[PDB]
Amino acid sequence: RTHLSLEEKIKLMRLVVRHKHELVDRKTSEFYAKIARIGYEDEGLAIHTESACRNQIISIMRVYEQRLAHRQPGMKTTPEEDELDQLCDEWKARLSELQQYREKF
């Protein structure tokens, strides 16, 4: 139930995207455990359980969708916002890929 800083959210999403091809459909536990471990060991995140790590990512993505939906033409963005948006877009695409695979075949 902790709150990540923007910096920590970017560090976490960098890891999620770097390791995105390691997520196996219906084996989420192993993936979010690994992300929590590497985030702690390398990026100085606090110790998170698997569930707490997964919830942080769910929350980042939920806020991302809000930001996307409320984006206005001509708005100013920061480089950190741009990076997080790009990382979230890439993670969303991975999740959608796995969904499509499960549904279609």
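Residue numbers here begin at 1 and follow the sequence given.
Relative to its counterpart among 91-99 and 78-86, 78-86 has the higher mean temperature factor, C-alpha atoms as listed in the PDB entry. Two stretches are in play, 43-51 and 64-72, and the higher mean C-alpha B-factor belongs to 64-72. Annotation for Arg26: CA B-factor lies in the middle third of the chain's modelled residues. Annotation for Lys9: CA B-factor lies in the middle third of the chain's modelled residues.
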